[PDB]
Amino acid sequence: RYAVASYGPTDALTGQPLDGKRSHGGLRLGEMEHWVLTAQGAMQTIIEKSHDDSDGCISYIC
Amino acid sequence: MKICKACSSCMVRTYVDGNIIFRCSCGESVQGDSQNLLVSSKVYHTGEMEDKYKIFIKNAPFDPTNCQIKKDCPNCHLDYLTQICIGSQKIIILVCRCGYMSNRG
Amino acid sequence: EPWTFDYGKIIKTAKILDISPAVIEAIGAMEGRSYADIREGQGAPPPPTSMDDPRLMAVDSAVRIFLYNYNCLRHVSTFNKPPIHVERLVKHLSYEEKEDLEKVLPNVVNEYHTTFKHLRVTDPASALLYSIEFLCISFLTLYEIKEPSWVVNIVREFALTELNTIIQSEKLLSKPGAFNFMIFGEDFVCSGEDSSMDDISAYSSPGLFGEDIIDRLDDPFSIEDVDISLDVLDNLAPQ
Amino acid sequence: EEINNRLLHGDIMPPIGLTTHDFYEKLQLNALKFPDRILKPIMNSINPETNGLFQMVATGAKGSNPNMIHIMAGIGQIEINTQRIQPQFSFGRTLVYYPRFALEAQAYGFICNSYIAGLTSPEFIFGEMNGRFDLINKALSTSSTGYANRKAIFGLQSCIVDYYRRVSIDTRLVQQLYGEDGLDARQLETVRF
Amino acid sequence: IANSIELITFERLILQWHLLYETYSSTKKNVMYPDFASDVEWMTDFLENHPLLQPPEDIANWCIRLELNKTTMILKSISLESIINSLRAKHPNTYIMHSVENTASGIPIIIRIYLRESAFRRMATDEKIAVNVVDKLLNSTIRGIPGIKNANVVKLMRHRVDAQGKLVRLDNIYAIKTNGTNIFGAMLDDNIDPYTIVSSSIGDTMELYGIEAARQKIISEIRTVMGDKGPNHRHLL
Amino acid sequence: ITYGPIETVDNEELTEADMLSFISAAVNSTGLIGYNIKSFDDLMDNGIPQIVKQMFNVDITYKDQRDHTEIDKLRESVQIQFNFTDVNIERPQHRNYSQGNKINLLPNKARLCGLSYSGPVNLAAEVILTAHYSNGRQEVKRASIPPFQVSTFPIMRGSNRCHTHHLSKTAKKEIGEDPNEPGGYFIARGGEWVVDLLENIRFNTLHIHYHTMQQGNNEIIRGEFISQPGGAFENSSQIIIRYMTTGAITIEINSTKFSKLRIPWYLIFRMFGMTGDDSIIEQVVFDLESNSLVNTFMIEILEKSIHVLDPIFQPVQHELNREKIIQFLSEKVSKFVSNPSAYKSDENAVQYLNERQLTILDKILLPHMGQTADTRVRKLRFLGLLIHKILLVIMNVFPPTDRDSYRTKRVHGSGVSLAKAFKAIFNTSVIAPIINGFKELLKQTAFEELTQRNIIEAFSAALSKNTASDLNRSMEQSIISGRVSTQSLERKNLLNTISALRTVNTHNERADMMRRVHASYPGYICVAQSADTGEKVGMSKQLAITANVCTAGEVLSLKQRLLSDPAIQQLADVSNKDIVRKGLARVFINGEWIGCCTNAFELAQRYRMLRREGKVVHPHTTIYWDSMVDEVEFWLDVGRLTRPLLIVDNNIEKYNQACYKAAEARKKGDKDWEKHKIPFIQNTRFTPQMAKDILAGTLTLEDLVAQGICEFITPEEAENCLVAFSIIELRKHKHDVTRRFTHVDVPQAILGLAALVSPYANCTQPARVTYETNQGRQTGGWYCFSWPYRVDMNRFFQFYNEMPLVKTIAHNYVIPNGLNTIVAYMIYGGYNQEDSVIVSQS
Ligand SMILES: [Zn+2]
Ligand SMILES: [Zn+2]
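Structural data, given as structure tokens:
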């Protein structure tokens, strides 16, 4: 069993949480979960989980 | 098959023109004739039965793993007989250690 | 009709070739020995004791090389491009002479192959001795032909050069003499027992049938294209 | 055994398109099918008003009729890719326990005993071959379905219903109407005309 | 009709064939294979019986001899003349000779097909192109629609409208189901309805019929692959 | 040694519960673990010394000098030959500062500190150095290295090199170990690792497979052959005989000295002599006077094969001079030759190339038939036989080899895998540093300056400043990562440990067929035990309950015995023509075709009887007689999977005599021929008294194999056996002349240890048995009895365990883990739906 809060170790490269419970942060919404959420037309849970609870950043384009 | 009488090497056919003459790398020729006229052959349902399984059929009476039937052997009057099923045709051949063959091999 | 070994023909052949008879009698038997050892005749392996002796095969190969070269010489007219030796030997002859060569030069192959096989299956040592005797007989009976003169010169040159190259090859198969190993262009030279530079990739024995063959398609048993995490693969259990 | 006897006299003539071996295999597969009569002894020894296993099977709660027949009456014929056990052990031997060119039905996967009666050693081996084939297929399922599903998903993912209820890729049409009726798949009822 | 539509290739009508380096321009002596020298008794009987097909002078020196198995010859019931006409029509580079369909049940029907000089028109060895010729002859279609490996009669379950307007469902309808798709040959044949040809292959439907028929065929194939508890029809659409 | 008449045996009271006694006897004899321990012991006793001494002989010449001294100006080449002949492994020792006190390292101490249970290897070498000057000058320098040790090889737990070898259970408890565990694992960096059994194709066997995968479509049927010159530690060489779509039969030899170069078969044949194509064709097809259809087909195929061209070997295709072909191979396959035109003028260079080429070809081309030039013709005969077999398969006379069959498979564990890893690692991590150090001191120190003492520290110091592998980090990395099957020792319970020690791994339609239950598994591989999830299914096999793994037998003793038999005509006496004319049957020992017997069945029967006696032929030898090809194969190599099978004897001789007497009475016309016919009787000589003795301990499997009651049957020989699956079936066919069995099985012998834990398993669906074997290895319980001393990770110890109320034979050897819970099969509120359980809180 595992449960993680909104803070924890984040990957140095991608900014994403680490892998699994052993690294004290993670659990994954892989390709299939994104397909399912899109099929439901979520796009606000996808925003939340993939950006706010993951490597969220604000790019700037000229 | 044709082997050079000099250096014992394979001889190419080289059909020229109405007659076949064999050429070696050393140059000797042998004048193939009559029989050598055949080039290639293919006969369907051939290469099995009495040539493919001759060893196996010969050894079958002495193989303990072969199924045996309750049929009298005409040659030696042994009560039991060795039974074989061969090929896609499921040809049943009955053998014996005496030498009986059921005339199926 | 019987046969027996005649050492006199071997001695005559060695004299004509100005080398010791120990070299002629040791054809196919100088492996692992130096030529200086061959000339003295010492260390000669005993007569072959079984049909499996590679010496019989070696001497038969020598006789076969001789007969093959002689057959190229006999039928030069039938070659679009004859090999180097015959072309060097026959370049001065006429086209009519080249065609007549098929008629003039004797058929020296005789019944060699069949009776050699019979001897080898029946007696190996006599088979080796007969192979050497037949090689000597063929070489001299081609040498000691007398008529006509032009074929005499051609056949004498042929026999000398081809027996010389046979003996030279047999000496090449023998143990090398002392020499510098610099010829081969590398900073080092291996050996026949080089456990130092040995492909360790083969030390790990190929204990599988189809190793060289390469499969590139996706393995139909992997999770490479499926997306599940560990301890969540338990959901893929039976039922 | 009658089919085998006809084979002993060479009385089996295959139809055109099938060899004697394949026709013999088909004939034996047909001859060893379990008749529907097999339910009679099972149902005679079952009290349907109180038998828990039968009430589970009959009401559709769990299990099927073949499970009940296997448990109580007999397994019958084992099939691996709609054919009996091929003699893989040796030339003409299905198992070490059976003679070469064996003609009895038991040698090729016929299980006379039921699960409750207990399976013998070769019957258990044949059942294990069948079960392992099932496990292999189940394990193949995840991988093959994942490959095909990902390919299909990336083929179709761009198809989005637009404001005209057409299915369109970017702006290029894929469909004039979604199901050709424009209806969600969750809002359909089957009614007779 | 199923038997008629099935493809019957020449290789299936032969028990053995021999490629020989001999010719039969007649006039000259012979030069014959030893075991085949007995053929002369009918080689000349063919010239007597068929005086309109004398051996051409441009015959090559490459003959292939065929023996026809009468059991499968009468099983599928092909006349020898039909075989000979199919071989002759499909090949003008060979001069066909054959025995007589005597129905003797003891002597086999022999066809000797002699290569012509025009056949050796190819950059390749004469023997090798002759060996290509025999293989092509063994592949030549004799009867049936090409690519139709099999054909089996299956009763179908179909709906029809009666004179009273009732939609009756007929089970007596019979039609054949083949292996291998060649829609074009099926349309050509007259015993088969051309407008009700159904093929399991999407490619042949695309080529023959068009893209709408190909789309419907895709739906049908995906549906029959789906099984019983398949998805909705709009997903297949 | 005649036996008592089978008609007088009484077995009617022999029940299945008595056959369980025979199963127990077999398990006790094999020990259920001892194969790996004894394999490792044999490794460190016989293999590693032979691997270092015989196989590792160095001979390399360097070419670089310093242009200062006139001796250094007249010198170009220096040749060094050093070979170790002294080696031993002593038990692990702990020394803190690596020397001094030299106390014995204990396994618990190694585990606690993260140490390694490794022992030092003391080596001594004879080093011979020569420098080859110009103008034929040569001097020799000889050095004798004192016995020294720079290595530590990991030592398994339980071998005689382990300190717990013959320790008593009380003394094991004192040393802090587990009294009941058998060992079998290596203690590396504080962790226990088990080298699993790796299944490998059988060596010295022609594996023929069609390439029907249909990729690289140019290729056709390929018949490969891995040739091992002797024991399992030897350097094996592989030859691959490929039939191609172009008609070419090309032989590719892959070995350490030389690999990956496709060569036409006639070339390989004629560089050994016999350059006449007639002789080569005769060797392949064994006879030319017979026409046949088999001979005609092979003859035409070989004619096409020789006639067709080859791209790479173009110059020598028609070269009838074997010397030119040898030189071509030497310059194409030998390294260090970058100038083809350089050697074209030196005679000595060509002589050396030819000598080295003949040496490598002798050692590389079918080494198992010999490694001296006197056996080249028999090597050619065997190569012709292999080509004949492949082409015979091509004619559809025979089917391709069965990849999944266990007739041609061997389980190599611990000894063999570590032997090969050791040879590769030792080669690199010893030769490369030593050779580079010798080259460096050569570059610096004057050669004639080196004294006997100087070379000694030259050799010792070069293998002292080494940290690349040290052999220890490398051996540990091989053991951890893993052709050395490995698995972290998962201490879930005792059954998990044992099953890990009994796991057979592959390390290789191929995905499907290689996971099915093959028909050769029964008796040797647990038909039930396998994985359940993902690709692991069918990947880890398990040994059956009675199956063990044989060790290398007396190959030479049996070979000499066969060669002394009057009825075996050696290869020298019989030629291929004599083989076909008389229909002689080939005799093989370990794949080495020696001799030809007149009657294969008679020879096999006689030697099987002799093995049954046990004094003259070891019981573990495999005597497989192929009735299809009329061959007798004797096998004594390691990795064979024997199991003990009770022997069924009958009175077929007396039955035949009575039948013939009845026939003569019928011929004489007497109607009383019935009284002259006797009933056929077949039985096993196993009596209930032997079962009771087996349980009583007065009789073991050794006494059974000695008496001839039972015998060990390998899969190869199992194909020659007709086994009754139970004593019940033998009793049923006790008077049936149509079911003359050769052995009687015990049905519990077909299941593994984990599968036998399931009670009434045959009443269950077999797939459920498989998931039980999966789950029987995961249950918590008394995994180890020394748990307080160990520092374990993710290990669960269950206080209470109970013997099952319905126990099985698998609990006679493992400790039950679980309780006899009273379970009500009922619906209680729907909280146990879909594989849930309602547990009593109390
Ligand atoms: Zn020639
Ligand atoms: Zn008889």
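Chains as they are written, first to last, in the authors' numbering: chain A, 1119 to 1180; chain B, 1 to 105; chain C, 1011 to 1249; chain D, 678 to 870; chain E, 1113 to 1234, 1240 to 1354; chain F, 8 to 489, 503 to 528, 537 to 870. Heads up, the beta-carbon is just placed ideally off N, CA and C, and yes, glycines get one too.
Within chain E, the residues placing a beta-carbon under 8 Å from that of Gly18 of chain B are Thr1135, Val1143 and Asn1173, ordered along the chain.
If you draw a straight line from the Cα of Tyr140 of chain F to the Cα of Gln321 of chain F, it comes to about 38 Å. In this structure, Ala1054 of chain C lies near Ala1036 of chain C, with their beta-carbon atoms less than 8 Å apart.
Within chain E, the residues whose beta carbon sits less than 7 Å from that of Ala862 of chain D are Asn1349 and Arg1351, listed in sequence order.
With a threshold of 8 Å between beta carbons, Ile788 of chain D makes no contact with chain A. In summary, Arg385 of chain F is buried, with 16 or more beta-carbon neighbours lying within 10 Å of its beta-carbon over all protein chains present. Our two residues, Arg229 of chain F and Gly47 of chain B, have alpha carbons roughly 22 Å apart in a direct line. Excluding residues up to 5 positions away in sequence, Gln705 and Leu709 lie with their Cβ nearer than 7 Å to the Cβ of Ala782 of chain D in the same chain. Put simply, the backbone Cα of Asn75 of chain B is about 36 Å away from that of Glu641 of chain F. Within chain D, the C-beta atoms nearer than 8 Å to that of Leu1354 of chain E come from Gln852, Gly856 and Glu857, in chain order.
In terms of Cα proximity to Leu327 of chain F, the closest of C:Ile1048, C:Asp1070, C:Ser1087 and C:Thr1125 is C:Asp1070. Only residues of its own chain outside the window of five on either side were considered, and among them none has a CB closer than 6 Å to the CB of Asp1062 of chain C.
For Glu661 of chain F, the CB stays at least 7 Å from every heavy atom of ligand 1. The beta carbons of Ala750 of chain D and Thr771 of chain D sit no closer together than 8 Å. Environment of ligand 2, chain-ordered: B:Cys73, B:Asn75, B:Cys76, B:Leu78, B:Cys96, B:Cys98 and B:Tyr100, taking every residue with Cβ within less than 6 Å of a heavy atom. By the rule that beta-carbons nearer than 8 Å mark a contact, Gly1138 of chain A touches chain C.
Taken through DSSP and simplified to helix, strand or coil, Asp52 of chain F comes out as helix.
At a cut-off of 4 residues, the continuous stretches assigned as alpha helix (DSSP H) that sit fully inside the segment 594 to 662 of chain F are 604 to 610 and 628 to 641. The C-alpha of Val404 of chain F is placed about 31 Å away from the C-alpha of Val666 of chain F. For the segment 1142 to 1172 of chain E, the continuous alpha helix (DSSP H) assignments of 4+ residues that do not extend past its boundaries occur at 1152 to 1161, in sequence order. Contacts between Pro1064 of chain C and chain F, judged by CB atoms closer than 8 Å, involve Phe279, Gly280, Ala380, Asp381, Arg383 and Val384 in chain order. Within 7 Å of the CB of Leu1246 of chain C, the CB atoms of chain D belong to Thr819, in sequence order along the chain.
When DSSP states are grouped into helix, strand and coil, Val1131 of chain C belongs to the helix group. By the criterion of at least three beta-carbon pairs nearer than 8 Å, the segment 1044 to 1051 of chain C is not in contact with the segment 1111 to 1121 of chain C. Residues of the segment 1263 to 1278 of chain E with a C-beta atom less than 8 Å from some C-beta of chain D are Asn1267, listed in chain order. For the 8 Å CB-CB criterion, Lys705 of chain F and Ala690 of chain F form a contact. Here the alpha carbons of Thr408 of chain F and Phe265 of chain F stand approximately 27 Å from one another. Here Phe389 of chain F is buried. Its C-beta has 16 or more other C-beta atoms within 10 Å. Spanning the alpha carbons of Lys1127 of chain C and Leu1099 of chain C requires a straight line of approximately 32 Å.
The beta carbon of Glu800 of chain D lies closer than 7 Å to those of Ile788 and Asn790 in the same chain, with the five residues before and after it left out.
With a threshold of 7 Å, the Cβ atom of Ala6 of chain B counts as near ligand 1, since some heavy atom of the ligand is closer than that.
Following the DSSP letters along the chain, one finds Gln803 of chain F inside the alpha helix (DSSP H) bounded by residues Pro794 to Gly804. The beta carbon of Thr1128 of chain A lies closer than 8 Å to those of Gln1134, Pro1135, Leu1136, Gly1143 and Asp1173 in the same chain, with the five residues before and after it left out.
Put simply, the CB of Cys1146 of chain C is far from chain B, with every gap to its CB atoms at 8 Å or more.
In this structure, F:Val423 is the residue among F:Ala613, F:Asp601, F:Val423 and F:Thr801 with its C-alpha nearest to the C-alpha of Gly1217 of chain C. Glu28 of chain B has its CB nearer than 7 Å to a heavy atom of ligand 1.
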